[PDB]
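Peer 1: The structure under discussion is supplied below as structure tokens; questions concerning it will follow.
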Amino acid sequence: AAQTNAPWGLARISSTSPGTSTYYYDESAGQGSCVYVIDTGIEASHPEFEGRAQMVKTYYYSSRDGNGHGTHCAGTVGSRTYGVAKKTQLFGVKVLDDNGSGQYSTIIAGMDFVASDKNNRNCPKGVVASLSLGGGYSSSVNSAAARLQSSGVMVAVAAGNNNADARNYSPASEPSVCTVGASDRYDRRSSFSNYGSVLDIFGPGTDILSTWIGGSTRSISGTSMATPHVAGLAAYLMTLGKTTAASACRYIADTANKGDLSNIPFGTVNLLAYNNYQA
């Protein structure tokens, strides 16, 4: 399948070169997979989600996304126009308040929730969790992410936006999950992207168009935007049967575009997520 005039990041993930604008992908499109977006919520009524999104858990007075961040990330995973995996099922877990903030204890509870809640959902092709959030190093936060991964969920986490080594941030620094840095449309490391040996992969993160609350759209930047590209890619590849939740991060690194990014510090992987789809 070909989506013309796609957001640059979608075109990038199906291309061996920057500077194109058509996204190419297998029509299976993540059907039969599920992606949990652990964030500020998801505006599931947005026409872009086509009935495939739902809130399953909140720790606050509403499950609604009063911020937009979670809706934007969910749109990059799986919206019809802005999403990588256009037929996946999206499940929202609201661990962040409408200012985008959340206590680590709530975030940990949300991760353990997903590890159990997947047993209440139909995801024959597999389960992914996208975590566009983080703070300072916490062994308890890292352990929660490790448990979620161990339970059979492909966990993708943002590297962080400090232009610093991600070893000092959580859950970015957890070795067993997929830690995602951000790149721009010219294949440069995004100016804010964290780096370091703990990164597994880069995805598009600068000037990413996606869904927003109020049935709208906007372009924003962050490792929060790169993470759902990788989460959606994992769901897409799992639906194709090419990999599993336990092996998807390694498979994405195996099959990435290699050596194409600029300003990658010595010791950080130079790997850009790529679907290897041959139309």
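The way I read the labels, and the way they are meant: chains A, B, ... in the order of the structure tokens, residue 1 as the first residue of every chain, and ligand 1 as the first ligand shown, with later ones counted on from there.
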Extract, using only C-alpha atoms, all DNA, RNA and protein residues at most 8 Å from residue 97 (chain A), discarding same-chain residues fewer than 6 positions from it, and format them as a compact mmCIF listing (two decimals) with C-alpha atoms, in the first residue's frame.
Peer 2:
# COMPACT_ATOMS: atom_id res chain seq x y z
CA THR A 40 -2.08 11.57 29.18
CA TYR A 60 -7.29 10.58 37.63
CA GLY A 66 -7.02 17.09 28.52
CA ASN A 67 -3.47 17.73 27.26
Peer 1: Could you pull the residues within 7 Å of region 192-202 of chain A, counting only C-alpha atoms, minus those fewer than 6 positions along the same chain, as a PyMOL selection string?
Peer 2: chain A and resi 159-167+173+175+178-183+223+253+267-269+271-273
Peer 1: Mind checking DSSP for region 47-234 of chain A and telling me the strand (DSSP E) residues as a ChimeraX atom specification?
Peer 2: /A:53-58,89-94,126-131,135-136,153-158,169-170,178-183,201-204,208-212,216-220
Peer 1: When you draw a straight line from CA of residue 71 (chain A) to CA of residue 95 (chain A), how long is it in Å?
Peer 2: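 Distance between the two atoms: 13.3 Å.
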Peer 1: Write out as a PyMOL selection string which residues come within 10 Å of residue 233 (chain A) when counting only C-alpha atoms, dropping same-chain ones fewer than 5 positions away.
Peer 2: chain A and resi 10+13+29-30+77-78+83-85+128+227-228+238-239+248-249+252+273-275
Peer 1: Can you write just those residues out, N, CA, C and O atoms, as a PDB file, in the first residue's frame?
Peer 2:
ATOM      1  N   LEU A  10       6.564   9.045   8.518  1.00  0.00           N
ATOM      2  CA  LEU A  10       6.051   7.808   7.938  1.00  0.00           C
ATOM      3  C   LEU A  10       6.790   7.475   6.653  1.00  0.00           C
ATOM      4  O   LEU A  10       7.232   6.340   6.453  1.00  0.00           O
ATOM      5  N   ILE A  13      10.258   6.024   7.493  1.00  0.00           N
ATOM      6  CA  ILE A  13      10.369   4.661   7.998  1.00  0.00           C
ATOM      7  C   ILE A  13      10.200   3.605   6.920  1.00  0.00           C
ATOM      8  O   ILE A  13      10.571   2.454   7.153  1.00  0.00           O
ATOM      9  N   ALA A  29      -1.140  -3.965   8.008  1.00  0.00           N
ATOM     10  CA  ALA A  29      -1.233  -2.705   8.759  1.00  0.00           C
ATOM     11  C   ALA A  29      -1.400  -2.896  10.270  1.00  0.00           C
ATOM     12  O   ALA A  29      -2.048  -2.087  10.939  1.00  0.00           O
ATOM     13  N   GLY A  30      -0.806  -3.944  10.839  1.00  0.00           N
ATOM     14  CA  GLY A  30      -0.942  -4.168  12.266  1.00  0.00           C
ATOM     15  C   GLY A  30      -2.267  -4.746  12.716  1.00  0.00           C
ATOM     16  O   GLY A  30      -2.534  -4.775  13.922  1.00  0.00           O
ATOM     17  N   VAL A  77       1.192   6.093  16.396  1.00  0.00           N
ATOM     18  CA  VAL A  77       1.125   4.632  16.390  1.00  0.00           C
ATOM     19  C   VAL A  77       0.167   4.143  15.318  1.00  0.00           C
ATOM     20  O   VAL A  77       0.504   3.255  14.525  1.00  0.00           O
ATOM     21  N   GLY A  78      -1.056   4.677  15.307  1.00  0.00           N
ATOM     22  CA  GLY A  78      -2.136   3.983  14.632  1.00  0.00           C
ATOM     23  C   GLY A  78      -3.278   4.775  14.031  1.00  0.00           C
ATOM     24  O   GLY A  78      -4.293   4.174  13.672  1.00  0.00           O
ATOM     25  N   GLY A  83      -0.558   7.510  11.276  1.00  0.00           N
ATOM     26  CA  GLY A  83      -0.062   6.350  11.981  1.00  0.00           C
ATOM     27  C   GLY A  83       0.748   5.367  11.159  1.00  0.00           C
ATOM     28  O   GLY A  83       0.534   5.187   9.956  1.00  0.00           O
ATOM     29  N   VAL A  84       1.656   4.687  11.862  1.00  0.00           N
ATOM     30  CA  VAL A  84       2.479   3.637  11.266  1.00  0.00           C
ATOM     31  C   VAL A  84       1.667   2.369  11.020  1.00  0.00           C
ATOM     32  O   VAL A  84       1.796   1.732   9.963  1.00  0.00           O
ATOM     33  N   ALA A  85       0.871   1.954  12.008  1.00  0.00           N
ATOM     34  CA  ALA A  85       0.148   0.680  12.018  1.00  0.00           C
ATOM     35  C   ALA A  85      -1.332   1.030  11.995  1.00  0.00           C
ATOM     36  O   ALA A  85      -1.990   1.123  13.033  1.00  0.00           O
ATOM     37  N   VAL A 128       2.183  -4.412  22.218  1.00  0.00           N
ATOM     38  CA  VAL A 128       3.217  -3.392  22.310  1.00  0.00           C
ATOM     39  C   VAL A 128       2.769  -2.366  23.341  1.00  0.00           C
ATOM     40  O   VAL A 128       1.572  -2.124  23.514  1.00  0.00           O
ATOM     41  N   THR A 227       9.239   7.630  19.699  1.00  0.00           N
ATOM     42  CA  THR A 227       8.840   6.384  20.353  1.00  0.00           C
ATOM     43  C   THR A 227       7.642   5.710  19.701  1.00  0.00           C
ATOM     44  O   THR A 227       7.736   4.512  19.390  1.00  0.00           O
ATOM     45  N   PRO A 228       6.526   6.400  19.448  1.00  0.00           N
ATOM     46  CA  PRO A 228       5.379   5.734  18.820  1.00  0.00           C
ATOM     47  C   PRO A 228       5.630   5.298  17.389  1.00  0.00           C
ATOM     48  O   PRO A 228       4.930   4.392  16.920  1.00  0.00           O
ATOM     49  N   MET A 238       5.121  -7.451  13.922  1.00  0.00           N
ATOM     50  CA  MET A 238       4.539  -8.606  14.601  1.00  0.00           C
ATOM     51  C   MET A 238       3.328  -9.151  13.849  1.00  0.00           C
ATOM     52  O   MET A 238       3.185 -10.370  13.692  1.00  0.00           O
ATOM     53  N   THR A 239       2.471  -8.273  13.334  1.00  0.00           N
ATOM     54  CA  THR A 239       1.353  -8.738  12.521  1.00  0.00           C
ATOM     55  C   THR A 239       1.838  -9.483  11.284  1.00  0.00           C
ATOM     56  O   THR A 239       1.233 -10.482  10.881  1.00  0.00           O
ATOM     57  N   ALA A 248      11.503  -8.024  19.015  1.00  0.00           N
ATOM     58  CA  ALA A 248      11.214  -6.978  18.035  1.00  0.00           C
ATOM     59  C   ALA A 248      12.225  -5.838  18.077  1.00  0.00           C
ATOM     60  O   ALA A 248      12.578  -5.293  17.026  1.00  0.00           O
ATOM     61  N   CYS A 249      12.663  -5.421  19.269  1.00  0.00           N
ATOM     62  CA  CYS A 249      13.656  -4.349  19.331  1.00  0.00           C
ATOM     63  C   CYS A 249      14.930  -4.755  18.599  1.00  0.00           C
ATOM     64  O   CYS A 249      15.469  -3.996  17.784  1.00  0.00           O
ATOM     65  N   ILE A 252      14.277  -4.816  14.844  1.00  0.00           N
ATOM     66  CA  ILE A 252      14.250  -3.467  14.297  1.00  0.00           C
ATOM     67  C   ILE A 252      15.667  -2.929  14.151  1.00  0.00           C
ATOM     68  O   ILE A 252      16.017  -2.329  13.129  1.00  0.00           O
ATOM     69  N   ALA A 273      14.967   3.481  12.340  1.00  0.00           N
ATOM     70  CA  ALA A 273      13.905   2.500  12.150  1.00  0.00           C
ATOM     71  C   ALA A 273      13.439   2.467  10.702  1.00  0.00           C
ATOM     72  O   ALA A 273      13.218   3.509  10.080  1.00  0.00           O
ATOM     73  N   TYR A 274      13.242   1.252  10.192  1.00  0.00           N
ATOM     74  CA  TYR A 274      12.955   1.031   8.780  1.00  0.00           C
ATOM     75  C   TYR A 274      12.130  -0.242   8.634  1.00  0.00           C
ATOM     76  O   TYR A 274      12.474  -1.283   9.207  1.00  0.00           O
ATOM     77  N   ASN A 275      11.028  -0.158   7.888  1.00  0.00           N
ATOM     78  CA  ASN A 275      10.132  -1.303   7.763  1.00  0.00           C
ATOM     79  C   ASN A 275      10.558  -2.316   6.710  1.00  0.00           C
ATOM     80  O   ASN A 275       9.938  -3.386   6.632  1.00  0.00           O
TER      81      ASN A 275
END
Peer 1: As number ranges by chain, please: every residue in region 50-213 of chain A that a backbone DSSP assignment puts in alpha helix (DSSP H).
Peer 2: A: 69-78, 104-117, 139-150
Peer 1: Would you mind telling me which residue in A:25, A:266, A:36, A:8 lies nearest to residue 278 (chain A) when using only C-alpha atoms?
Peer 2: A:25
Peer 1: Nearest to residue 136 (chain A): which of A:91, A:104, A:169, A:61 is it, counting only C-alpha atoms?
Peer 2: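 With only C-alpha atoms as the atom set, the closest residue is A:169.
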Peer 1: Just to confirm, what's the straight-line distance from CA of residue 26 (chain A) to CA of residue 148 (chain A) in Å (one decimal)?
Peer 2: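 Straight-line distance from CA of residue 26 (chain A) to CA of residue 148 (chain A) works out to 27.9 Å.
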Peer 1: Rank A:57, A:12, A:52, A:72 by their smallest atom-to-atom distance to residue 218 (chain A), using only C-alpha atoms, and report the top residue only.
Peer 2: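 Among the listed residues, the smallest separation from residue 218 (chain A) belongs to A:72.
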Peer 1: Considering only C-alpha atoms, can you say which of A:224, A:263, A:14, A:176 comes closest to residue 250 (chain A)?
Peer 2: A:176
Peer 1: If you measure from CA of residue 22 (chain A) to CA of residue 7 (chain A), what distance in Å do you get, rounded to one decimal?
Peer 2: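 Distance between the two atoms: 8.2 Å.
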Peer 1: Just checking: using only C-alpha atoms, which residue out of A:5, A:101, A:76, A:130 ends up closest to residue 34 (chain A)?
Peer 2: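 The answer is A:130, which sits nearest to residue 34 (chain A).
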Peer 1: Under the rule that only C-alpha atoms are counted, which of A:133, A:1, A:115, A:11 is the nearest residue to residue 38 (chain A)?
Peer 2: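 Closest to residue 38 (chain A) of all the choices is A:133.
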Peer 1: Please provide the set of residues having any atom within 8 Å of residue 246 (chain A), restricted to only C-alpha atoms, with same-chain residues fewer than 2 positions apart removed, written as a list in words.
Peer 2: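 The residues satisfying every condition are residues 149, 150, 152, 153, 154, 244, 248 and 249 of chain A.
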Peer 1: Could you name the residues that touch residue 142 (chain A) at 7 Å or less, counting only C-alpha atoms, but leaving out those on the same chain fewer than 5 positions away, as a ChimeraX atom specification?
Peer 2: /A:170-171,174
